[PDB]
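Everything on this sheet refers to the single structure shown next.
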Amino acid sequence: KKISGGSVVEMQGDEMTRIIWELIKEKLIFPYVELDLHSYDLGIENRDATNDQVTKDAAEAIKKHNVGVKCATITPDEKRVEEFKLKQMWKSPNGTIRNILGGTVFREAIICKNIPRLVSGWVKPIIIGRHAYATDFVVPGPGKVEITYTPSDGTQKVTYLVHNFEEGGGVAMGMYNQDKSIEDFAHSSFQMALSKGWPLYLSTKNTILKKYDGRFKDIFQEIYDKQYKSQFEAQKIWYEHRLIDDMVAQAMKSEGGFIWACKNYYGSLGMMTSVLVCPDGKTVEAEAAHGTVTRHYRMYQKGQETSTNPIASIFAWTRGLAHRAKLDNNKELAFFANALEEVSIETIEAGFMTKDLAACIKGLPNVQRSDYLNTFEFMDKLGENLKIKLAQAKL
Amino acid sequence: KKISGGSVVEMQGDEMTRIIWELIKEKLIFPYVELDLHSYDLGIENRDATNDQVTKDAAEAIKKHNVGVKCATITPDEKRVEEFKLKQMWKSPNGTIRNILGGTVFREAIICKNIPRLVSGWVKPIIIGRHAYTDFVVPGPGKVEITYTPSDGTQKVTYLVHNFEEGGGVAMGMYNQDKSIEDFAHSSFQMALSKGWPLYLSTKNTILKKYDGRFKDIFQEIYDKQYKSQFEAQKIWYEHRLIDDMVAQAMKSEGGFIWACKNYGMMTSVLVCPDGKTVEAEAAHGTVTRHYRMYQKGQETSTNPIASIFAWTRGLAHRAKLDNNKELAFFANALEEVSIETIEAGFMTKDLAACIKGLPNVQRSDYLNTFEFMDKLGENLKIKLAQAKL
Ligand SMILES: Cc1ccc2c(c1C)N(C(=O)Nc1ccc(C(C)(C)C)cc1)Cc1cccnc1N2
Ligand SMILES: Cc1ccc2c(c1C)N(C(=O)Nc1ccc(C(C)(C)C)cc1)Cc1cccnc1N2
């Protein structure tokens, strides 16, 4: 009576994250869900052996099957090349995948009642998305710096005067943003808001950048009114623009559970996701915000006890599986993903947590061994509680 | 015999912050320290009556006496204008003072062992300072470029920012003067010397080779030419790091450093002028209108005065550093210690108790109202100064 998941692209990672990735697969995903997996080993040894071809293949597989779950991988550096005898310093796999797929990264945090957070009034999680992919020069002495735009259809050149240096030099810069990138950011933001069922809020200081940020607001409103308005009204959700100063004041006294889309001109506690949403609203790429956890991997190699938080990695699987279920209309898979998120949260709230989580409640030095469980005990408790939850749900 | 403080400019605030400001003055500062006060009422009613002239006079008094402590004030808006019948919605007093004085704002956090931290490893506070200070829509395809025509007659240098392909978009041009960077560097070094902590300049110069490379160059040359000897004498160092390398080192650190970053109730905002003599301290929180309305309704209030107390201590510490006063410097540090120890001992306000016991699991016995907390602080301060006379 296994749940038929469907086509999901999975990628193995490195060090402690690879170990916990195998643990989540063997204990939580495989015993209940049967998938048409497209496994790709993104381990530094396999990446070196295939000349980083496996990353390009995995990215192509995601573009074809729209669902991809990724484990934490190492970005090579000088010491890493010497450590693994790497042929060359390969580029970050996340960067390659992001370049091939394209889209906006939305970071969601996992909130537990007993876990202390800033504000403390935020019961529901917050999703924040920043737009992403500049020319600079040094001004030697006094002069006049100005930006010009000559249209490639005759017309007339427009000269704006950025500044007039009278005493002393300095430095000047000039950036830009294409309309297609803003349109894609707007589409990704609206599709994320529809997938999560939460209201969207665009925050920008349009008072300072009247034409720059005013354009952002105009494109967002144009797309909202032309396609997503009816869908937003049907699900009781709404889109409202707000100023950065007004937005932070509104958010601090609000409930939570809102998609915040902010303009780009970390919290690696193991409680955050990094969902890449493509503008088409069909291709997703879920991964954990934290790194490979090398510190714990060294202890694991030495045979020492480790207490690693797998919540971010589990939530990366649940988000990918929820998106797969939403695409293929799989009620059972969607329920399974929600059940796994609930078992995770409830287990932490019940008192069973790792050392990093217990360090917040009892204090980092005051953490005793009885207060927390090591990686394997926590995963075993999660599996036990998951089995119980699914057994009780067959009613 | 009270400690001889000296010339300090004090600016009265509004609402709950004004109430706690009067409480700190009458209970913690005046009974032990005798000051040459230069009081200025920055109340919305006084600001309206004088046509915001009091703000300019207070800013001038700060420039003259080099030390200023400010209480939280209201920034007018539509609702405030209607409720107070204002003549005109005045500019933010902080903006006016910042324009007259200049300088860099450094935000410092107050750390207590029992209070949960954003980073578990941070035991000592970290000070963060940011550098604070033309756009247009591109209708269709074209070529946007930035030009520079020197005033000495040399040839104009043109840099292509983007040749707009199919479809337009939007563009902008930013600038920064050398004097602003020089003043930011001086303020950062003087702050690091006053706190006795190492300074770290963090920026992403890989992308901005010329822009952020200039920042690193100016900060390297003022440090090497003037502040190197003073930094070496006090065992302090200045190291420039990339933003991605800086977050990795800072995460694995106990704190206690001055972080100067260039921008692309437990916080104190200290404005440090480039001259290293003028400092304006203030609490990094609002007027607390939510508690003032309860106060007006006769309801019990539990407001945290730690940020306001720390604004006084920082101003008094800077005054002591200028006048070479050992007694006043000790008093300011003693007041910070009594504040921290009182919170750590279990005596705290409702907002602080909400972090340790959980917001919904907070009972009356766990916290004290504004007056009880101030009385406990005063009692413990008296004890601390009595024990220190050895
Ligand atoms: C990247 C990211 C994603 C999601 C979340 C966060 C972060 C950092 N966090 C957060 O407080 N965002 C935040 C909100 C406001 C600010 C201010 C102070 C600048 C106004 C700063 C950070 C963690 C947090 C905790 C509890 C509930 N939700 C969240 N969501
Ligand atoms: C404005 C400000 C100034 C100083 C401080 C803070 C804030 C908010 N705080 C803080 O957590 N800043 C912080 C800085 C960097 C990061 C990174 C690592 C994500 C880049 C995270 C938080 C409060 C805090 C608490 C304990 C000890 N020091 C501080 N200093």
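Using ideal geometry, Cβ is built from the backbone for each residue, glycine included, and neighbour counts are taken over all protein chains shown. Since every read-out is calculated from the coordinates, none of them should be taken as a lab result.
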Inset, instruction - Grab the Cα-Cα distance for residue B:345 and residue B:267, subtract it from 0.36 nm times how many residues apart they are, and report the gain in nm with one decimal. - result: 26.0 nm
Inset, instruction - With a/c under 1.5 counting as rounded, go ahead and sort segment B:1-147 into rounded, prolate or oblate using the C-alpha gyration tensor (a ≥ b ≥ c being the square roots of the eigenvalues; past the cut-off, prolate if a/b is larger than b/c, else oblate). - result: oblate
Legend entry - Inter-chain Cβ neighbour average for residues A:148-155, partner chain, 10 Å: 6
Inset, instruction - Using a/c under 1.5 as the rounded threshold, could you call segment A:307-346 rounded, prolate or oblate? The axes a ≥ b ≥ c are square roots of the C-alpha gyration tensor eigenvalues, and prolate needs a/b larger than b/c, oblate otherwise. - result: oblate
Legend entry - Distance in nm between pseudo-label sites at residue A:219 and residue A:234 (7 Å out along the Cβ direction from Cα): 2.6 nm
Inset, instruction - Starting with the highest mean, order A:246-257, B:200-211 by the number of other Cβ atoms within 10 Å, averaged over the residues of each peptide. - result: B:200-211, A:246-257
Inset, instruction - Give, in nm to one decimal, the length gained when the segment between residue B:207 and residue B:165 is fully stretched (0.36 nm per residue of separation minus the Cα-Cα distance). - result: 12.8 nm
Legend entry - Alpha-carbon Rg/Rh ratio, for chain B, with Rh computed the Kirkwood way: 1.01
Inset, instruction - Let me know the mean shielding of B:206-213 by other chains, meaning the per-residue number of their Cβ atoms within 10 Å of its Cβ. - result: 4
Inset, instruction - State, as an integer percentage, the relative contact order of segment A:135-174 based on alpha-carbon contacts under 8 Å between residues 6 or more apart. - result: 56 percent
Inset, instruction - Using θ = phi - 60° and the Karplus relation 6.51 cos²θ - 1.76 cosθ + 1.60, list the HN-Hα couplings for segment B:151-161 in order, rounded to whole Hz, with x at every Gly or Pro. - result: 6, 7, x, 5, 6, 5, 9, 10, 10, 7, 7
Legend entry - Cross-link pairs beyond the 19 Å C-alpha cut-off, checked among B:25/B:277; A:124/A:381; B:350/B:384; A:180/A:217; A:70/A:331; A:25/A:387: B:25/B:277; A:124/A:381; B:350/B:384; A:70/A:331
Inset, instruction - May I ask you to evaluate 6.51 cos²θ - 1.76 cosθ + 1.60, the Karplus curve with θ = phi - 60°, for each residue of segment B:218-223 and list the ³J(HN,Hα) values in order in whole Hz, giving x for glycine and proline? - result: 4, 4, 6, 5, 5, 5
Inset, instruction - Name the long-range amide H neighbours of residue A:37: under 5 Å, sequence gap of 5 or more, or other chain; modelled H, no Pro or chain starts. - result: A:8
Legend entry - Residue order, fewest to most beta carbons within 10 Å, for A:335, B:164, A:378: A:335, B:164, A:378
Legend entry - Fraction in percent of alpha-carbon pairs per bin - 5 Å, segment B:246-299: 4, 12, 12, 15, 17, 14, 9, 8, 7, 2
Inset, instruction - At most 16 other Cβ atoms within 10 Å and a DSSP loop assignment: could you name the GluC sites (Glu not before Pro) in segment B:297-389 that fit? - result: B:300
Legend entry - Inter-label distance for residue A:226 and residue A:338, nm, one decimal - labels placed 7 Å from Cα along Cα-to-Cβ: 3.4 nm
Inset, instruction - Estimate the FRET efficiency between residue B:323 and residue B:51 by the formula 1/(1 + (r/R0)^6), using the beta-carbon distance for r and 45 Å for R0, to the nearest 0.05. - result: 0.85
Legend entry - residue B:133 paired with residue A:89, simple spin-label distance in nm, labels 7 Å along Cα-to-beta-carbon: 3.1 nm
Legend entry - Where trypsin sites (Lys or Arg not before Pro) fall in DSSP loop in segment A:142-193, at most 12 other Cβ within 10 Å: A:157
Inset, instruction - Quick one: grab Rg to one decimal and Dmax as a whole number for the protein assembly as shown, Cα atoms only, in Å. - result: 28.8, 86
Inset, instruction - Post the alpha-carbon centroid distance, segment A:136-160 to segment A:321-395, in whole angstrom. - result: 57 Å
Legend entry - Exercise: per-residue mean of other protein chain Cβ atoms within 10 Å, A:359-365: 4
Inset, instruction - Apply the Karplus parameterisation 6.51 cos²θ - 1.76 cosθ + 1.60, with θ equal to phi minus 60°, to every residue of segment A:332-349 and state each ³J(HN,Hα) to the nearest whole Hz, in sequence, with x for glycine and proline. - result: 5, 5, 5, 5, 4, 5, 5, 5, 5, 5, 5, 4, 4, 4, 4, 5, 5, 4
Legend entry - Within-15-Å neighbourhood charge of residue B:236 [Cβ basis; K, R +1; D, E -1]: +1
Legend entry - Debye, to nearest 20: dipole size of chain B, +1 on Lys, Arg Cβ, -1 on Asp, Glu Cβ: 600 debye
Legend entry - Cut-off 19 Å, label 7 Å out along Cα→Cβ of residue A:391, residues of segment A:1-19 by amide N: A:1-3
Inset, instruction - Give the Debye-formula value of log10 I(q)/I(0) at each listed q (0.17, 0.27, 0.35 Å⁻¹), with one equal scatterer per alpha carbon of segment A:135-174, two decimals each. - result: -0.52, -0.89, -1.16
